[PDB]
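Peer 1: Dumping the structure here so I can ask a few things about it.
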Amino acid sequence: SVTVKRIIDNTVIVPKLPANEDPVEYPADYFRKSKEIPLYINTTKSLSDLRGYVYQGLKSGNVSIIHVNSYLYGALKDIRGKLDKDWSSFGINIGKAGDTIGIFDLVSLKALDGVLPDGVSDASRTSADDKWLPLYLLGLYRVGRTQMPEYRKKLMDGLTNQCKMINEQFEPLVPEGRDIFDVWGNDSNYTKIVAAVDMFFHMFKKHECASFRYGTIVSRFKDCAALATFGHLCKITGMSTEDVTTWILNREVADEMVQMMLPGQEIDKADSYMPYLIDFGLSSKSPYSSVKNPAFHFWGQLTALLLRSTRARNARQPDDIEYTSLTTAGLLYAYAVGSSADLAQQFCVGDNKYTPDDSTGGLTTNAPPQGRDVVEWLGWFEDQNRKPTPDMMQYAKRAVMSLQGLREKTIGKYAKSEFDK
Amino acid sequence: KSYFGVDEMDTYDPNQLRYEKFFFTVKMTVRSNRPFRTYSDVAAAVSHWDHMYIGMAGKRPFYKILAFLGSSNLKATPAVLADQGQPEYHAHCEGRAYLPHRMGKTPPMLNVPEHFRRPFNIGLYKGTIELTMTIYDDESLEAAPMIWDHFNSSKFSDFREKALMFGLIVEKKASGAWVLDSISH
Amino acid sequence: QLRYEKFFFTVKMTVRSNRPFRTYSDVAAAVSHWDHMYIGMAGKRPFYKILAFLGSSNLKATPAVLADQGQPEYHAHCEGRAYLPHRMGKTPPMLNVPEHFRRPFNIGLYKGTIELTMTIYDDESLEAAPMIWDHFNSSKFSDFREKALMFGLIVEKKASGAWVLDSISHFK
RNA sequence: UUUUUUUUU
């Protein structure tokens, strides 16, 4: 904080900020208060009635959500497995090495209350059709998330192939007309079930029923596409994390970095609840989203774009961010890393480590400095004013000379608009 | 009781009289040859309207009662009198009725039509049945008549027998009217 | 259980039709189904049927019939105080309000309309009254039970000495 | 309503 006093009167005031946005939450705060992830379902009806209800509702296309939830509960309950290690996360524990667990042993079950809708029942539904029905429903959930006809049909054809390779003579349900199951994403229990299934079948990938994971892979990194970008930039650059966090040169991505790196919220633990913070309900607005970290996302993906990266020409271009300042830092860093290759001795035979024999030099001119360090680059940048070098712009242009596909309001579009000039 | 722990009491007491008011609309058609002698054959033929039931569960008692009502008061078409080659029987009804039953609790209904169509072959008789029904609960405060009252009974005799012809077990409470017991099926 | 329930009763019966009735059996058949679609008080339903019997016993002609034979028409009216032994258990409380029904009757040979205006209500008085069963004019013969059954009313003619109402399934 | 590679058994 800082004090700002009215000059003419010497009065004291404290300028606050408007809040059109919403506050931020962390997963650690959910397990610091209550320790049980609730899940509400119905278990009044037997399995055959739910099978009939689901199958007929899907054939007609007027199935209810509660019946699908209860059917998935009553189907994914006899699946189990072994357990290797000591699963635990955010002060919770699950089993111990050398026992068996189910799929719903990760969340607490309870009793849903209130009146329930009706269905269209059938009295001929062979059991063999359970192998692929949960898979079909999860695939429907997956395909109902992207609003694009081409992608939608490609994904539903992949889904039909997935069902065919298991139970061929399977036929499509939910016909191509009135669209259903796109409202289900607004529900909370369905996404909890999907997330639990995805985590369980992600840890045990050798399970014979692993094909269900075809339908739940979009649910893991949801609303967290700022960590992915940071990792991709760390891999493309090839440097350690310390050098990457050093090269920021502006306190707008740094605010996001401080917002994204707190003691709790354990990252790098694949067997944790972190990636599923959204679906499980642990947080409303995830701090790693791209709507609260726009500068970080844009700078990271522009640096990635300027270093001959593949996953750079399909990102989006968030607005309300000053492109002139982040762009310059990204360009400087890209030129710095892609214009000096660090060579040196790495493993030394006994007492024979090569030493750099460079004390006499002639690099007093505008030519670049060798090695990669912000200290010596800021000096050269300052001594050569803020104007980018013509060689730097030539490198940037040749780095983006050829680009086939582009989409409106994409970082590729912005780069081809400003740098291709 | 033959085992241990297999529920106890069922305190909620499903076994008790509950009343349900609702609008009903019915339309039935039957086609066959060798025109249709006697009423027992009516029950026998119509009993195969739900050999493979695909209707909205929870309405089976209502649908069975409704089929019985429609079979009760079906009127033969003039063609039956004029020509015997291909007789036809038609029926149509509509109103508001309230039924007592103890099957359980019925979920919320909806004003949707349901169509059924099946062939039959009972010994000498063969043909087709085609029904179209629509039932939906009413929340008004009118004083509707009992569904049983809608049966005139001046044709055919006894209600336990007839209720059994359709697969429906009922009771003959002395001081009131007939109340459902269960669906034999 | 033999329960004696007291009530004041008023009844007005009217029948209109063509093909004027000849035998009492046809009239009884026509009147027995006066309640095709009953929407009255449930707990008074059996009692009304008993009162219909009374109206049958009191069938009368009017000068209208003597004025023309092509509009057959019969009237009847009765009223008073009575009490009835019954084995239906317990009857709910009853109010004093009029009730009316009008239905079409179609038995083939005879077709027309039947109108019944009834008002049965509690008798809070403590004075003795005769038997309601010993109120009709059908001293006639022992076939009172046959008439009741033809209407559809089950009665007992055992050593009790009366024609007490027995049961329902009056529908047949 | 969230989202922001017409990526993904």
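Identifiers in this document derive from the order of the structure tokens: chains are assigned A, B, ..., residues are numbered from 1 separately in each chain, and ligands are numbered from 1 in order of occurrence.
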Quick one: residues within 9 Å of residue 211 (chain A), only C-alpha atoms (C1' of nucleotides), excluding same-chain residues fewer than 3 positions away - as JSON, numbers by chain?

Peer 2: {"A": [135, 162, 201, 207, 208, 214, 215], "D": [9]}

Peer 1: I'd like to know which residues of region 69-104 of chain B are helix (DSSP H, G or I) (by DSSP, run on the backbone); could you write them as an MDAnalysis selection string?

Peer 2: chainID B and resid 69:72 78:82

Peer 1: Report the distance between CA of residue 57 (chain A) and CA of residue 174 (chain A) in Å, rounded to one decimal place.

Peer 2: 8.5 Å

Peer 1: Which residues of chain A come within 6 Å of chain B, and for each one, what is the closest pair of atoms and their distance in Å to one decimal, counting only C-alpha atoms, sorted by chain and residue number, as a tab-separated table?

Peer 2:
residue	atom	partner	partner_atom	distance
A:119	CA	B:56	CA	5.7
A:120	CA	B:56	CA	4.2
A:121	CA	B:57	CA	5.5
A:122	CA	B:54	CA	5.3

Peer 1: Extract the full set of strand (DSSP E or B) residues from chain B according to DSSP on the backbone, and format it as a ChimeraX atom specification.

Peer 2: /B:18-32,75-76,88-101,114-122,125-137,146,169-171,179-182

Peer 1: Enter the distance from CA of residue 67 (chain A) to CA of residue 187 (chain A), in Å, rounded to one decimal.

Peer 2: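 Here the two named atoms are 13.2 Å from each other.
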
Peer 1: Restrict the distance test to only C-alpha atoms, flag each residue of chain B within 9 Å of chain C, and return the flagged residues as a ChimeraX atom specification.

Peer 2: /B:143-146,149-159,172-178

Peer 1: Contacts of residue 1 (chain D) at 10 Å or less, counting only C-alpha atoms (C1' of nucleotides), minus same-chain residues fewer than 5 places along, as a ChimeraX atom specification?

Peer 2: /A:183,185-186

Peer 1: With a distance cut-off of 12 Å and only C-alpha atoms (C1' of nucleotides), select the neighbouring residues of residue 77 (chain B), excluding the residue or stretch itself and same-chain residues fewer than 2 positions from it, and output the selection as a list in words.

Peer 2: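 Counting only C-alpha atoms (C1' of nucleotides), the residues come to residues 29, 30, 31, 35, 74, 75, 79, 80, 81, 82, 83, 84, 86, 87, 88, 89, 90 and 91 of chain B.
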
Peer 1: I need the chain A residues near chain D as a ChimeraX atom specification; criterion: at most 10 Å, counting only C-alpha atoms (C1' of nucleotides).

Peer 2: /A:145-152,154,158-159,162,183,185-186,210-215,217-218,222-223,225,285,289-291,310-318,410

Peer 1: Would you list the contacts of region 143-151 of chain C as a PyMOL selection string, taking every protein, DNA or RNA residue within 9 Å and counting only C-alpha atoms (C1' of nucleotides), but skipping same-chain residues closer than 4 positions in sequence?

Peer 2: chain C and resi 25+28-29+31-33+49-50+53+138-139+155-157+163+170

Peer 1: I need the chosen residues saved as a short mmCIF file (atom, residue, chain, number, x, y, z; two decimals), in the first residue's frame, with C-alpha atoms.

Peer 2:
data_model
loop_
_atom_site.label_atom_id
_atom_site.label_comp_id
_atom_site.auth_asym_id
_atom_site.auth_seq_id
_atom_site.Cartn_x
_atom_site.Cartn_y
_atom_site.Cartn_z
CA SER C 25 -90.59 -53.85 -13.53
CA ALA C 28 -87.85 -49.99 -11.64
CA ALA C 29 -85.27 -50.91 -14.30
CA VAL C 31 -84.97 -45.74 -12.21
CA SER C 32 -82.33 -48.13 -10.82
CA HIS C 33 -79.57 -46.43 -12.85
CA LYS C 49 -80.44 -45.38 -3.32
CA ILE C 50 -82.72 -46.44 -0.47
CA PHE C 53 -86.79 -47.21 -3.66
CA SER C 138 -94.99 -52.70 -0.01
CA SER C 139 -96.69 -54.98 2.51
CA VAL C 155 -81.07 -56.63 2.40
CA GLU C 156 -81.58 -59.28 5.07
CA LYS C 157 -84.92 -60.96 5.79
CA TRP C 163 -85.23 -55.61 5.78
CA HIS C 170 -75.23 -52.60 -6.23
#

Peer 1: Would you pick out the contacts of residue 95 (chain A) at 12 Å or less, using only C-alpha atoms (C1' of nucleotides), so that residues sharing its chain but fewer than 5 positions from it are not included, and give the list as a list in words?

Peer 2: residues 81, 82, 83, 84, 85, 86, 87, 88, 100, 101, 102, 105 and 106 of chain A

Peer 1: Please, could you write that set of residues out with N, CA, C and O atoms as a PDB file, in the first residue's frame?

Peer 2:
ATOM      1  N   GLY A  81      -9.906 -52.260  -8.529  1.00  0.00           N
ATOM      2  CA  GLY A  81      -8.523 -52.437  -8.926  1.00  0.00           C
ATOM      3  C   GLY A  81      -7.649 -52.606  -7.704  1.00  0.00           C
ATOM      4  O   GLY A  81      -8.120 -52.579  -6.565  1.00  0.00           O
ATOM      5  N   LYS A  82      -6.358 -52.785  -7.960  1.00  0.00           N
ATOM      6  CA  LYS A  82      -5.361 -52.809  -6.904  1.00  0.00           C
ATOM      7  C   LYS A  82      -4.930 -51.368  -6.626  1.00  0.00           C
ATOM      8  O   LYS A  82      -5.485 -50.416  -7.181  1.00  0.00           O
ATOM      9  N   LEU A  83      -3.933 -51.186  -5.763  1.00  0.00           N
ATOM     10  CA  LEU A  83      -3.524 -49.851  -5.336  1.00  0.00           C
ATOM     11  C   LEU A  83      -2.064 -49.902  -4.923  1.00  0.00           C
ATOM     12  O   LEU A  83      -1.711 -50.605  -3.971  1.00  0.00           O
ATOM     13  N   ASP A  84      -1.228 -49.162  -5.642  1.00  0.00           N
ATOM     14  CA  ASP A  84       0.197 -49.056  -5.354  1.00  0.00           C
ATOM     15  C   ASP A  84       0.488 -47.633  -4.899  1.00  0.00           C
ATOM     16  O   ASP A  84       0.359 -46.691  -5.688  1.00  0.00           O
ATOM     17  N   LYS A  85       0.827 -47.495  -3.610  1.00  0.00           N
ATOM     18  CA  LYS A  85       1.431 -46.328  -2.962  1.00  0.00           C
ATOM     19  C   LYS A  85       0.530 -45.851  -1.821  1.00  0.00           C
ATOM     20  O   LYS A  85      -0.100 -46.671  -1.146  1.00  0.00           O
ATOM     21  N   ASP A  86       0.460 -44.538  -1.593  1.00  0.00           N
ATOM     22  CA  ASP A  86      -0.095 -43.980  -0.363  1.00  0.00           C
ATOM     23  C   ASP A  86      -1.000 -42.791  -0.657  1.00  0.00           C
ATOM     24  O   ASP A  86      -0.900 -41.755   0.008  1.00  0.00           O
ATOM     25  N   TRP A  87      -1.873 -42.904  -1.666  1.00  0.00           N
ATOM     26  CA  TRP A  87      -2.576 -41.741  -2.210  1.00  0.00           C
ATOM     27  C   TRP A  87      -3.010 -40.785  -1.109  1.00  0.00           C
ATOM     28  O   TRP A  87      -3.639 -41.185  -0.126  1.00  0.00           O
ATOM     29  N   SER A  88      -2.666 -39.514  -1.289  1.00  0.00           N
ATOM     30  CA  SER A  88      -3.019 -38.480  -0.332  1.00  0.00           C
ATOM     31  C   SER A  88      -2.821 -37.131  -1.005  1.00  0.00           C
ATOM     32  O   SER A  88      -1.967 -36.983  -1.882  1.00  0.00           O
ATOM     33  N   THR A 100      -7.806 -52.833  -2.167  1.00  0.00           N
ATOM     34  CA  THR A 100      -8.621 -52.596  -3.350  1.00  0.00           C
ATOM     35  C   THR A 100      -9.493 -51.370  -3.119  1.00  0.00           C
ATOM     36  O   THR A 100      -9.873 -51.066  -1.985  1.00  0.00           O
ATOM     37  N   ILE A 101      -9.814 -50.669  -4.210  1.00  0.00           N
ATOM     38  CA  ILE A 101     -10.664 -49.485  -4.161  1.00  0.00           C
ATOM     39  C   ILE A 101     -11.586 -49.485  -5.372  1.00  0.00           C
ATOM     40  O   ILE A 101     -11.351 -50.182  -6.361  1.00  0.00           O
ATOM     41  N   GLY A 102     -12.655 -48.699  -5.275  1.00  0.00           N
ATOM     42  CA  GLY A 102     -13.585 -48.502  -6.364  1.00  0.00           C
ATOM     43  C   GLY A 102     -13.380 -47.169  -7.056  1.00  0.00           C
ATOM     44  O   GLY A 102     -12.345 -46.511  -6.904  1.00  0.00           O
ATOM     45  N   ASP A 105     -15.000 -44.218  -4.404  1.00  0.00           N
ATOM     46  CA  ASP A 105     -14.353 -44.126  -3.102  1.00  0.00           C
ATOM     47  C   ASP A 105     -13.551 -42.841  -2.943  1.00  0.00           C
ATOM     48  O   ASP A 105     -12.839 -42.687  -1.944  1.00  0.00           O
ATOM     49  N   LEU A 106     -13.656 -41.920  -3.903  1.00  0.00           N
ATOM     50  CA  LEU A 106     -12.966 -40.639  -3.848  1.00  0.00           C
ATOM     51  C   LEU A 106     -13.869 -39.500  -3.396  1.00  0.00           C
ATOM     52  O   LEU A 106     -13.359 -38.470  -2.942  1.00  0.00           O
TER      53      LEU A 106
END

Peer 1: Which value, in Å to one decimal, gives the distance between CA of residue 131 (chain A) and CA of residue 56 (chain A)?

Peer 2: 17.1 Å

Peer 1: Quick one: residues within 9 Å of residue 197 (chain A), only C-alpha atoms (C1' of nucleotides) counted, chain neighbours fewer than 5 positions away excluded, as a ChimeraX atom specification?

Peer 2: /A:76,103-104,192,202,212-213,216
